[PDB]
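1. Got an experimental structure here, sequence first:
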Amino acid sequence: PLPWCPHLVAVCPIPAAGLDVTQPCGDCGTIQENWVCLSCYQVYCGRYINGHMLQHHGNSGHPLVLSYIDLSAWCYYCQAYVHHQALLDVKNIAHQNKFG
Ligand SMILES: O=C(O)CCc1nc2ccccc2s1
Ligand SMILES: [Zn+2]
Ligand SMILES: [Zn+2]
Ligand SMILES: [Zn+2]
C-alpha cells in the first residue's frame, strides 16, 4: 500500500454524527461488505456484492473509500490501498464504532 496519493486532498471532514460501520448500502440495502466514501460519507457495497461503491465512484468521481470490514482505504484512480496520517482520524472513528 501507498504511503500517499494525489487524491488525499479530496478526503473531507468527518460528519459530527460520526460513522456507523453497520450502515447498509444506500442503493440495495445489503448489510454485507460496505464501504464509506471519504469525500461525501455515503455508504455503498463492495465489488463482490452489487458493486454500488464502484458505481458511486463512476458517477461522482470521488476517489477514496474506507472498508467497514477491515478499515482499509482504496483509491479508485490509483487502484491501490493508501495509508497516510490524513486517514488516521477517520480510521480511528470507524475503529471505535466497530470494536467498542
Ligand atoms: O468497490 C470496492 O469493492 C471497493 C474498493 C476496491 N476495489 C478493489 C478492486 C480490486 C482490488 C481491491 C479493491 S478495494
Ligand atoms: Zn449495494
Ligand atoms: Zn462520495
Ligand atoms: Zn489516488
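-> Perfect, thanks for sending it. Numbers count the residues shown, from 1 in each chain. Ligands and ions are numbered 1, 2, ... in the order given.
2. List the contacts of the longest helix along the chain.
-> Among the segments of the chain that qualify as a helix by DSSP state H, the longest is helix 88-99. Helix 88-99 is contacted from outside by 11, 14, 18-21, 36, 38, 66, 68, 71, 73, using CB atoms under 8 Å, 6 or more residues apart in numbering. Yep, even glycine has a C-beta here, placed from its N, CA and C like the rest.
3. Give me the contact status of the strand or helix carrying residue 35 with ligand 2.
-> With elements taken from DSSP states H and E, the one containing residue 35 is strand 34-37. No: looking at strand 34-37 against ligand 2 by CB under 5 Å from the ion, there are no contacts, and the closest approach is 7.7 Å.
4. Sheet-wise, list the partners of that strand with their directions.
-> With DSSP bridges as the test, strand 34-37 is paired with strand 43-45 (antiparallel), strand 64-67 (antiparallel).
5. on that earlier part again, which pair in the contacts of helix 88-99 spans the largest distance?
-> Within the contacts of helix 88-99, 11 and 20 form the most distant pair, 18.6 Å apart (CB to CB).
6. Would you mind telling me which of these two has more residues around it?
-> residue 11 (20 against 14; other CB atoms under 10 Å).
7. separation between the residue lying closest to the more buried one once chain neighbours are set aside and ligand 3?
-> Excluding its sequence neighbours, the residue lying closest to residue 11 (CB to CB, 6 or more residues apart in numbering) is residue 38, at 4.8 Å. Taking CB to the ion, to the nearest Å as the measure, residue 38 and ligand 3 are separated by 8 Å.
8. and the protein, which residues reach ligand 3?
-> On the criterion CB under 5 Å from the ion, ligand 3 has as its neighbours in the chain the residues 37, 39-40, 60, 62.
9. Just the buried subset of these, please.
-> Among those, those buried by neighbour count (16 or more other CB atoms under 10 Å) are 37, 39, 62.
10. Residue 4 contacts residue 87, doesn't it?
-> No: with contact defined as CB atoms under 8 Å, residue 4 does not reach residue 87; the gap is 10.4 Å.
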